[PDB]
């Protein structure tokens, strides 16, 4: 029965035992390194609002005991006999999923993140324990080749917040030099969205409800224009100018002004999840043939491509590195967005054997 006795590789980390979401030391086990597997010592594990939501069981479908960790990097300790991509001592990353059915339309076409049988790394779809623990093991297919010129501690949120912004920027053709790209909201998702857009060669506009952020965007993100969305004169002046908009705002807001900012054939991408639904008048879409698209996560192909891109363009996240016994306080901070902009748990140095 007991998780530590199931498999032969003994592991330890931190787990939520109930819907209170309190993380505490947890012993468990993982499979032996099979022929196609990559075992690794976890060095850093990102976290974010998704883990707050899951750990407190916001959707009523969490399986306790729950071990977070959908954005992890570490150092390879063992490789199976048929592994190509890694040798022992190489760095590796694991994102949101570790498996899929490998046979459906989605899998066959390299978009296996959309597999109805996708296997979440943290085991919210399936039975699995996430990488906030000492040792991880993963099928080669689902392991990111992590280059030595991409810092681990500040790179790790690319596997969560990064791919989320990068994927739609490529999918909707918002990655060409000289395009005008808007980002709404300068937080976890938006800050990386800006760094990607800049690297693609876009003229970047920050759209925001707070003037505080204007100076930040200009000084620290090289942002070209700032639009305060509560200022209609400012907003109206940029009508029909943006090729696309990455909307990261989690608060209730209207997207009709955002649709109006787009050129004809332009794209609104929604990445935040307000509790308030959006009100979308048919005419706002039909005038100029505009689209609104949602996006979460990305494929393995897209995730490797992004990490390669980030390494080459020196793109990392703003992070606060924390010891693992700070996890429960970090969750409180995530609740209040009191982090600039992502927590990264230093597992390598601060997780000790029980």
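Residue numbers count along the first chain shown, from 1.
In this entry, 237-245 shows the higher mean Cα temperature factor of the pair 74-82 and 237-245. Stretch comparison (156-164 versus 125-133) by mean CA B-factor in the PDB entry places 125-133 on top. Note on 113, 139, 209, 149: the highest value goes to 209, judged by CA B factor as recorded.
Highest CA B-factor among 185, 96, 182, 257, as stated in the entry: 257. In the PDB entry, residue 53 places in the highest third of its chain by CA B-factor.
Per the deposited record, the Cα B-factor of residue 196 falls in the lowest third when ranked against the other modelled residues of its chain. Split the chain's modelled residues into thirds by C-alpha temperature factor. Residue 46 is in the middle one. Among all modelled residues in its chain, residue 6 ranks in the highest third by Cα B-factor. Residue 284 sits in the highest third of its chain by CA B factor, as recorded in the PDB entry.
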